[PDB]
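Note sheet for the following structure.
Protein chains: 2
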Amino acid sequence: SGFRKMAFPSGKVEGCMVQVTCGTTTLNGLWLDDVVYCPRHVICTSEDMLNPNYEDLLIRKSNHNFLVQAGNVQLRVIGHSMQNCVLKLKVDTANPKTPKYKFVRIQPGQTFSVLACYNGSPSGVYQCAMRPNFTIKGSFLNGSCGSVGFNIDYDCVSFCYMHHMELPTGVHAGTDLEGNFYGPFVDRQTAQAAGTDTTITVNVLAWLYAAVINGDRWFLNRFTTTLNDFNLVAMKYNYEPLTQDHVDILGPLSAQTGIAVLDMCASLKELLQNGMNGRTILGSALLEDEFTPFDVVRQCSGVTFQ
Amino acid sequence: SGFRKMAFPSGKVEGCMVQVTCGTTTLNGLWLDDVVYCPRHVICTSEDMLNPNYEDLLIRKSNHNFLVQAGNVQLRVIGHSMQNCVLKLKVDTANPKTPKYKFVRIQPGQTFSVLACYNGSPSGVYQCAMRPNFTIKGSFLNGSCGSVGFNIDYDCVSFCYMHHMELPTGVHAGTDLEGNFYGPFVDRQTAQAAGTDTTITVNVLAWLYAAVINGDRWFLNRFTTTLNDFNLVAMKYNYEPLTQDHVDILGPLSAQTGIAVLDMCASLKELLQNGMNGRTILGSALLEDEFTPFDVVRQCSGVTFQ
Ligand code: NA
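Encoded structure:
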């Protein structure tokens, strides 16, 4: 037993990380088959970043202006193209370590692992959630751009995130692997409003199920509620509305614990209205929302990869 | 910017994980060169765990009683030997993915990453601390036994932990890679008391420095303390005594932030006495003690591995 924030094993992603240099800018690229994927702002200086015309900046670059290094192997660039906010650098060599993969665009509230990288080399792996406002609360320094987020299902790597920027607020924004930003963000060093963020209600509930399974039960109460009643409370506390689809997703955890979702909603409601009275749940003095129902089932059943 | 509980990239360790089955018992092993290392209780049934004579039990076992799977391939056991609480299974094939490695015995309060595994298959990676009482608060399901803990220094994997036991109280006990238990624990399914745990003071200070570097400064004050007077208060809240060795270890973080160690101790003193009063530090409602000073420096300056 025990319950931890767990990242996917990073080995299949480590084998794909490369360094991309264009003029004086170096960041990270992802090498799958004979294509290297990286943030288009590799072609920008910090001056260009205030108001970049990517089309005109890219027209100045040839294949040989892109230095791509995989460990010590120099790759040769034989094509370049811009797709939305990503550059695709065609190289003359297939990555022999290419895992089975998919490109996926994740929904807000979904979790993924980030392999944080500098100069094409891995520094660390951590789990996070795509906030309802399509930001992530990461650990990204100067040079981390091109670091990717992913899920692993047995042998298949689903790439869902590439890192592009830090907002002035110190939260993180980036794209899917087709180069489309999550949220309204743009690859320009400018003031950018993220949404009002909200708590991922179905994730908090999943983690209350996790707590019961590990023997934390103090917050279980003799109340029930309705969806519409619970949702009036969720709106007051800036929690995402709960839908029947969310109830259906929680059903296996309901079945295990013998606690009907609406009874667990009545418990969450009392926690929102009364606070936690300085008590903890799974070693947290806050309600955690960065575990999906699928993450709680995975960690509580013992699913594996390779 | 941003600060996350970051694990080491796990690729080097993934290539070393195998499955070891002896009769009804399956757990994880570590394949380095032509040796597979695993918990010696792989030779025990649940029935045997009550009072095993390992010497006698190991005598009844033949090489071919040890089923070793490295993915789709079965390794041939040609040797079995006991070192303290680890079995070394000699195999006919050296691991071609053997990284540069050391075995190291770590100190209470030091941190490491765990590659959690089931039936030889890596399932996830997390960073934890060796508690002052030599337990780890992990996430370990039936058969996660044999999962290892490690650090990386440049190119060399330093293995420091193998998981052996889930204590009845729900924390975890295990050995160095020479099979010596951390703390007073034994590989017997028995009631075992863990010592009184304490909070890792030098780690909480390191994490307060990480907070300031990331723009969380509300807990700073213009109060002073001697090491001796801080320790009188730490003693009251079950915090480890802070030594000069500890103050010296925090010096680089003092130097970067311009906040004297004893000034940060004056801050922590205030935090223990008045609590956090509804406020958070780096997103946490509690004081975090699973970051070392070294962990904060390498996260905050973007150290990488190859
Ligand atoms: Na721990």
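Chains B and A, in that order, are what the protein sequence lines are. Mapping to the entry's author numbering: the first sequence position 85 is 85, numbers consecutive. Mapping to the entry's author numbering: the second sequence position 135 is 135, numbers consecutive. Every residue, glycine too, gets a C-beta built ideally from N, C-alpha and C.
Checklist entry - What residue ranges within the stretch 24-57 of chain A form continuous beta strand (DSSP E) runs of no fewer than 3 residues, ordered along the chain? => result DSSP runs (the beta strand (DSSP E)) wholly in the stretch 24-57 of chain A: 25-32, 35-39.
Checklist entry - Mind pulling the chain B residues with CB within less than 7 Å of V42 of chain A? => result Per Cβ cutoff of 7 Å: no residues; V42 of chain A is ~17 Å from chain B at best.
Next on the checklist: Against chain B, with Cβ distances strictly below 8 Å, would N119 of chain A count as a contact?
Outcome noted: For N119 of chain A, the nearest beta carbon of chain B is closer than 8 Å to its own beta carbon.
Next on the checklist: Between the alpha carbons of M49 of chain A and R222 of chain A, how many angstroms are there, rounded?
Outcome noted: When rounded, the distance between both Cα atoms is 56 Å.
Checklist entry - CB of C38 of chain B to nearest heavy atom of the ligand NA: below 7 Å? => result Between the ligand NA and the CB of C38 of chain B, the shortest heavy atom gap is not smaller than 7 Å.
Checklist entry - Just the residues with CB closer than 6 Å to a heavy atom of the ligand NA, in chain order, which are they? => result That gives A:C128, A:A129, A:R131, A:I136, A:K137.
Checklist entry - For chain B, is any of its Cβ atoms less than 8 Å away from the one on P122 of chain A? => result For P122 of chain A, the answer is yes, since a Cβ of chain B falls inside 8 Å of its Cβ.
Checklist entry - With DSSP run on the structure shown, which of helix, strand or coil describes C145 of chain B? => result Looking at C145 of chain B - three-state DSSP - the assignment turns out to be coil, as it is neither helix nor strand.
Next on the checklist: Distance check for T45 of chain B and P52 of chain B, CA to CA, integer angstroms please.
Outcome noted: If I take the Cα positions, the gap works out to 9 Å.
Item to check | Candidates A:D289, A:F140, A:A70, A:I106: closest to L208 of chain A by CA position | outcome: Ranked by Cα distance from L208 of chain A, the options A:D289, A:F140, A:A70, A:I106 are led by A:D289.
Checklist entry - At a Cβ cut of 7 Å, what residues of the stretch 88-111 of chain B count as close to chain A, listed as they run along the chain? => result Nothing from the stretch 88-111 of chain B brings a Cβ to less than 7 Å from some Cβ of chain A.
Item to check | Residue burial classification, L232 of chain A (beta-carbon count within 10 angstroms, cutoff 16) | outcome: Its Cβ having fewer than 16 others within 10 Å, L232 of chain A is exposed.
Next on the checklist: Is there a Cβ of chain B sitting closer than 8 Å to that of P132 of chain A, yes or no?
Outcome noted: For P132 of chain A, the closest Cβ of chain B is not nearer than 8 Å.
Checklist entry - How about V86 of chain B and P122 of chain B: do their beta carbons lie closer than 8 Å? => result For the 8 Å CB-CB criterion, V86 of chain B and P122 of chain B do not form a contact.
Next on the checklist: Give me the subset of the stretch 139-150 of chain B whose CB atoms are less than 8 Å from a CB atom of chain A, sorted by chain position.
Outcome noted: Those would be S139, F140, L141, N142, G143, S144, in chain order.
Checklist entry - Are the C-beta atoms of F8 of chain B and some chain A residue less than 8 Å apart? => result Judged by the 8 Å Cβ criterion, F8 of chain B is in contact with chain A.
Checklist entry - At least one CB of chain A closer than 8 Å to the CB of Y161 of chain B: is that the case? => result No, its Cβ sits nowhere closer than 8 Å to a Cβ of chain A.
Checklist entry - What residues in the stretch 29-41 of chain B bring their beta carbon closer than 8 Å to a beta carbon of chain A? => result Residues: none.
Next on the checklist: Using DSSP's beta-bridge definition, name the partner residues of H80 of chain B.
Outcome noted: Beta-bridge pairing links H80 of chain B to B:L89.
Next on the checklist: For a test of the three-state rule: what should DSSP assign to residue 307 of chain B, helix, strand or coil?
Outcome noted: Outside the shown range of chain B (1 to 306) lies residue 307 of chain B, about which nothing can therefore be said.
Next on the checklist: Is the separation between the beta-carbon of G109 of chain A and that of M130 of chain A shorter than 8 Å?
Outcome noted: Cβ atoms of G109 of chain A and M130 of chain A: closer than 8 Å.
Checklist entry - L250 of chain B and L205 of chain B: beta carbons closer than 8 Å? => result Yes, they are a contact pair.
Next on the checklist: For the stretch 256-285 of chain A, list every residue whose C-beta sits within 9 Å of some C-beta in chain B, in sequence order.
Outcome noted: Answer in chain order: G275, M276, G278, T280, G283, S284, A285.
Next on the checklist: If you follow the beta strand (DSSP E) that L115 of chain B is in, where does it begin and where does it stop?
Outcome noted: Counting along the chain, the unbroken beta strand (DSSP E) around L115 of chain B starts and ends at 111-118.
Item to check | Closer than 8 Å to chain B by CB, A191 of chain A | outcome: Taking Cβ atoms only, chain B never reaches closer than 8 Å to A191 of chain A, which makes this a no.
Item to check | Where the beta strand (DSSP E) containing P184 of chain A begins and where it ends | outcome: For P184 of chain A, there is no enclosing beta strand (DSSP E), as DSSP marks it with neither H nor E.
Item to check | Continuous alpha helix (DSSP H) stretch holding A210 of chain B: start and end | outcome: Annotation: the continuous alpha helix (DSSP H) that includes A210 of chain B extends over 201-213.
Next on the checklist: Per the DSSP calculation, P122 of chain B is bridged to which residue(s)?
Outcome noted: B:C117, per the DSSP bridge assignment.
Item to check | chain B contact for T304 of chain A (CB, 8 Å cutoff) | outcome: Taking Cβ atoms only, chain B reaches closer than 8 Å to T304 of chain A, which makes this a yes.
Checklist entry - What are the start and end residues of the alpha helix (DSSP H) that includes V261 of chain B? => result Element bounds for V261 of chain B: 261-274.
Checklist entry - Taking the C-alpha atoms as reference points, what is the distance between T226 of chain A and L253 of chain A? => result If I take the Cα positions, the gap works out to 19 Å.
Checklist entry - So what does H163 of chain A bridge to, in DSSP terms? => result When DSSP reads this structure, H163 of chain A sits in a beta bridge with A:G174.
Checklist entry - Run through DSSP, which three-state label would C16 of chain B get? => result It is coil, neither helix nor strand.
Item to check | Start and end residues, beta strand (DSSP E) containing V73 of chain B | outcome: From DSSP, the beta strand (DSSP E) with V73 of chain B extends over 73-75.
Item to check | Cβ-Cβ separation, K100 of chain A to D155 of chain A (assumed contact under 8 Å), whole Å | outcome: 5 Å between Cβ atoms; contact.
Checklist entry - Looking at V35 of chain A and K90 of chain A, is the spacing between their C-beta atoms short of 8 Å? => result The Cβ atoms of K90 of chain A and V35 of chain A sit closer than 8 Å to each other.
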